[PDB]
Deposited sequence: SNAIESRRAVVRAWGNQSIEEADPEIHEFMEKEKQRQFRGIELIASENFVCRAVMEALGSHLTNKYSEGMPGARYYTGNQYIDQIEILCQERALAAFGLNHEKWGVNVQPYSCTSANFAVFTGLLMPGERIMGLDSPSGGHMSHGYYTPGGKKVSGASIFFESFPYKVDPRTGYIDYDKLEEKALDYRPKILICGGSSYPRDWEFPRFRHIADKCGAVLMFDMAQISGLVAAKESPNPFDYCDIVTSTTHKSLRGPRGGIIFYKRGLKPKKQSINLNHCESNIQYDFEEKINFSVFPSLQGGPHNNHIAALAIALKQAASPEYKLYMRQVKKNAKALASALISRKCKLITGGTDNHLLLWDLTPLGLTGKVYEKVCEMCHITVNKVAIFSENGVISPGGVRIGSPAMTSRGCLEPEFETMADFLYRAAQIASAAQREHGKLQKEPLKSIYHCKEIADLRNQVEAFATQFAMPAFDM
């Protein structure tokens, strides 16, 4: 039919336009942002670069299909292939962390790690029961609808005070004891948490926001040997898309485990709509890489690049909280240098160096504004080895040296850009 043929040309002329054709203004901004990422140093601990395959999935046709529900029993029919993808993504999630499907289940639908945590609480608690997690020195949604009693690192050392923690948890008796989160540069002592959770009758939950990739690479201690629930992000050290994961115990107890029905129903229909199918397939791709040998090398390099950068700052008499790092991030007290995190943040940005401020403690226990947080995963994905992270520490210290005027920035920005533009940007050129 000639009418049907001209109908196809109308669809294609709309459906098949590129960004530069369809929205010149958005394309201009998206190109300026590609240059910004290529021409700067990315030291924000929670940033990374996704590969092209992850990007192809993110920008694919699976979003056209609505898939409310969980695989196998879907609200909408026509999900044969979306179901395969999500099951494969579930299987790969269990495999990346060496989990057995008879002891662990996994939900890959949370829109983010925050939603995933909130989903755990909603599934396991009545509104107003007691949770107890780590706070940085009614804001969060968890503390609006639940009673939350955050614990704190020892101001004097930067490390968690586990004895005070056991006292608090025993006194308060939360239903969920949460470890993980914020920006803690050392290893969590999962045995002591398990011991504490056992004594006070709480479920033990690990939020692996910042370190899921290290755990997968067997380069951080394994929470799954000790926790009952583990949630994670998918975009940080894992290098997948935005999103979150909920892992939970299954089967008989050391009466069965309760989590699976409650958590699934809490994700949908309670708190979310349909899943972001494009994100789920992208995560399948990232989770298949998280289990590769190549990815284990990357994570080892992340850990080694963070150490090399820490050491270079230590050799310039910088005060780092806990004195270093076990993982990929480090917290730098700028108060000795007479600087605040806010001021330093803005000077670094003037030099194509992105860091972010964080609240820290002074030795005496007062909250200081002079904290900055940095990390290695992003520039490690761009190819940087240890010599380059030492150079970057030199940029960082020089920026601080400048900000102690509280002109010469042009030199630093020129040097940072000359430096950064030497390294590939994944999925582009």
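Several segments of the deposited sequence are absent from the coordinates, namely 138-152, 270-282, 435-452, 476.
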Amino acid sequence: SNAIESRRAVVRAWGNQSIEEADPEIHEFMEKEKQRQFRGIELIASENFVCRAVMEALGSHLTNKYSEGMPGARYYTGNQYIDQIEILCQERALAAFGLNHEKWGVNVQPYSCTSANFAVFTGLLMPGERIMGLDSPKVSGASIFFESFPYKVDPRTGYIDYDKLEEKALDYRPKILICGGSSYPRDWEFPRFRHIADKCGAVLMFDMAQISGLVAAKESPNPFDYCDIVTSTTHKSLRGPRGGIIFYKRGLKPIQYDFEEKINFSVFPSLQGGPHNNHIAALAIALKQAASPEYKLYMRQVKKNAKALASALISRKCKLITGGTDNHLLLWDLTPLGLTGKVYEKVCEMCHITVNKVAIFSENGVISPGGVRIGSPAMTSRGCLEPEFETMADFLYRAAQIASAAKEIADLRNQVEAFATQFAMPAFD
From here on, numbers count along this sequence of modelled residues.
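The PDB entry reports B-factors from which the mean C-alpha value can be compared for 76-84 and 115-123; the larger average falls on 76-84. Between 276-284 and 149-157, the higher mean Cα B-factor belongs to 149-157.
Looking at 94, 108, 255, 203, the one whose CA carries the top B-factor in the deposited record is 255. When the C-alpha B factors of 323, 341, 98, 244 are read from the deposited coordinates, the top value falls at 341. Looking at the C-alpha B-factors along this chain, the one for residue 375 belongs to the lowest third.
Ranked by C-alpha B-factor against the other modelled residues of its chain, residue 315 falls in the middle third.
In this PDB entry, residue 381 carries a Cα temperature factor that places it within the lowest third of its chain's modelled residues. Among the modelled residues of the chain, residue 292 sits in the middle third by CA temperature factor in this PDB entry.
Annotation for residue 266: CA B-factor lies in the middle third of the chain's modelled residues.
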